[PDB]
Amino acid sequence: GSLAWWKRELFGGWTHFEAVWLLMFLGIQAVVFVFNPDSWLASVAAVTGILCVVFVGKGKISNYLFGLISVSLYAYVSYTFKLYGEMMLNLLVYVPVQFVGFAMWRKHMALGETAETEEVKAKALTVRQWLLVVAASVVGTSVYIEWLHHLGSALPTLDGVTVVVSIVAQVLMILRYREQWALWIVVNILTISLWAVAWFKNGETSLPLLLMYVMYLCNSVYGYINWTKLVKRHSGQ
């Protein structure tokens, strides 16, 4: 709510290193758009979105507002490019979940060593707990094939794979589990390919968002690292 609050969330408790990379990420994004003012949409979709995931990596709650903008726009822009896997995913799943996420995260916040901001309390699945979730996804793959037969189905397999994985990832994330980042690393190497092949069928893609997914991949390694530090801050000792 508070501007004083907004000041904390946005500027509070970044390391130098986190600051450098975020600023450079917005820079490359600014510089790509000061070349292509025409696709202003996808460039907004990157800037809000780079901020979304960098904030998740930090465990900041105000990621969700950014996410809400970002996934919506992206949903449109991924349609205008005939990436149908990404379009139904962002619109139907990510857009409601932004609020759902804000709900359940909101309940589980905490200070962090500078106390200049609030970080979510991160949890760690066990191997057993994990082996279930992996199976869950393979089960619900057959369920994502049954569904979506309706209206026929026009999902190439790979456009398809990146979609199960993305839902499972999103689900661990709202649930505050560190293992989400292992999944995010796979959804990011996959979506980069999606926008890279899209540049051949038909011979086209959008640079702000293909570039966005490269910055996503980097950050998703940061996320895994930082979320580990986070899981310890709230554990056995």
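Note that residue numbering begins at 1 and tracks the sequence as displayed.
Participant: Regarding 190 to 198 and 175 to 183, which shows the higher C-alpha temperature factor on average in the entry?
Facilitator: So the stretch with the higher mean C-alpha B-factor is 190 to 198.
Participant: Going by the average Cα B-factor in the PDB entry, point out whether 227 to 235 or 1 to 9 comes out higher.
Facilitator: The stretch with the larger mean CA B-factor is 1 to 9.
Participant: Per the PDB entry, which option out of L125, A75, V134, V120 has the greatest Cα B factor?
Facilitator: Result of the comparison over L125, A75, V134, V120: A75.
Participant: Lowest, middle or highest third: where is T157 by C-alpha B factor in its chain?
Facilitator: Highest third - that is where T157 ends up once the chain's C-alpha B-factors are sorted.
Participant: By the record's CA B-factor, is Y79 among the lowest, middle or highest third of residues in the chain?
Facilitator: As the PDB entry reports it, the C-alpha B-factor of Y79 lands in the highest third of its chain.
Participant: Could you say whether, by C-alpha temperature factor, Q29 belongs to the lowest, middle or highest third of its chain?
Facilitator: Middle third by C-alpha B-factor.
Participant: Among the chain's modelled residues, which third holds the C-alpha B-factor of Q129?
Facilitator: Lowest third - that is where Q129 ends up once the chain's C-alpha B-factors are sorted.
Participant: According to the PDB entry, is the CA B factor of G67 in the bottom, middle or top third of its chain, that is, lowest, middle or highest?
Facilitator: It belongs to the middle third of the chain when residues are ordered by C-alpha B-factor.
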